[PDB]
Amino acid sequence: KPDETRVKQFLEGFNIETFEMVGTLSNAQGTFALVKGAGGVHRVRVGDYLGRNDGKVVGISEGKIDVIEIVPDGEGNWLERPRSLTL
């Protein structure tokens, strides 16, 4: 199930397929995917969201960000769907 409590993030105002993985960044605050989209390059960590379908960032490897989106069944349940952004 989607989390209706949380506040959607900036990058959830945009279509996921418009985004590009342009690399990865690691520093004292952890590991971030570099996601080029919505007018600049964003530092995105696991658990952050991308796109309009509750796309949770679940994997960040050199050259691919794994996302799992959650969309309704129509049937009162929810289905998980992968999205990938590759470098």
Side-chain angles (χ1 to χ4, degrees):
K1 19 276 250 187
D3 184 353
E4 325 134 50
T5 176
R6 75 192 178 73
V7 179
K8 295 199 176 193
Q9 286 167 23
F10 176 70
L11 284 171
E12 304 179 70
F14 302 93
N15 294 329
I16 198 163
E17 70 272 18
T18 77
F19 294 161
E20 176 177 15
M21 183 203 181
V22 295
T24 84
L25 191 148
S26 242
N27 59 32
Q29 304 187 311
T31 292
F32 303 79
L34 306 177
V35 174
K36 168 184 189 76
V41 174
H42 295 88
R43 307 183 165 198
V44 181
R45 67 188 187 151
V46 162
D48 284 350
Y49 286 95
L50 293 169
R52 300 172 149 295
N53 295 116
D54 292 89
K56 191 184 265 161
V57 174
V58 294
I60 305 176
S61 81
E62 256 165 27
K64 161 190 81 160
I65 316 171
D66 305 306
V67 168
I68 296 160
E69 292 180 330
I70 299 177
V71 292
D73 249 349
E75 188 59 22
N77 310 326
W78 305 69
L79 355 222
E80 300 182 334
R81 177 160 93 168
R83 309 295 280 269
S84 292
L85 299 167
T86 63
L87 184 72

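For the single chain, residues carry numbers from 1 onward in sequence order.
With sequence neighbours excluded, no residue forms a salt bridge (charged side-chain N to carboxylate O under 4.0 Å, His left out) with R43. Considering only residues two or more places apart in sequence or on other chains, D66 meets the salt bridge (charged side-chain N to carboxylate O under 4.0 Å, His left out) condition with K64. In this structure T31 satisfies the side chain to side chain donor-acceptor pair (under 3.5 Å) test together with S26, sequence neighbours excluded. Residues passing the side chain to side chain donor-acceptor pair (under 3.5 Å) test with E12 are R6, sequence neighbours excluded. In this structure, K36 has no salt bridge (charged side-chain N to carboxylate O under 4.0 Å, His left out) partners at least two apart in sequence or on a different chain. Residues that satisfy the salt bridge (charged side-chain N to carboxylate O under 4.0 Å, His left out) test with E62, not counting sequence neighbours, are absent from this structure.
The salt bridge (charged side-chain N to carboxylate O under 4.0 Å, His left out) pairs that include a residue from residues 14-33 are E17-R83, where partners are two or more places apart or lie in different chains. The ring-ring contact (aromatic ring centres under 6.0 Å, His included) analysis of residues 33-76, with sequence neighbours excluded, yields the pairs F10-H42.
Heavy-atom neighbours of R45 CZ from other residues, nucleotides or ligands within 6.0 Å: at or below the threshold of 12.
The hydrophobic cluster containing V71, built from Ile/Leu/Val/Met/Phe/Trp/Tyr side-chain heavy atoms closer than 4.5 Å, also comprises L79. Residue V58 is found in a hydrophobic cluster whose other members, listed by chain and number, are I68; membership requires side-chain heavy atoms under 4.5 Å apart, directly or through intermediates. Residues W78 make up the rest of the hydrophobic cluster containing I70, defined by ILVMFWY side-chain heavy atoms closer than 4.5 Å, directly or through other members. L25 belongs to a hydrophobic cluster with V22, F32, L34, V41, counting contacts under 4.5 Å between side-chain heavy atoms of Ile, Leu, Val, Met, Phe, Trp and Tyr, direct or through other members.
At distances below 3.5 Å, not a single donor-acceptor pair connects side-chain atoms of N53 with backbone N or O atoms of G55.
Here the CZ atom belonging to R52 is positioned 12.0 Å from the CD atom belonging to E69, to the nearest 0.5 angstrom.
Between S61 and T24, the shortest heavy-atom distance links the atoms O-CG2, 3.3 Å. Closest of all the heavy-atom pairs between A33 and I65 is CB-CD1, 3.5 Å. Counting all heavy atoms, side chain and backbone alike, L87 lies closest to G23 at CD1-N, 3.5 Å.
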Give the C-alpha distance, both sets of side-chain angles, the deciding distance and a yes or no for side-chain contact (heavy atoms from CB on, under 4.5 Å) between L50 and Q9. CA-CA 8 Å; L50 293 169; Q9 286 167 23; over 6 Å; no
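Two residues are said to be in side-chain contact when any heavy atoms from C-beta on lie closer than 4.5 Å; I16 and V67 meet this criterion.
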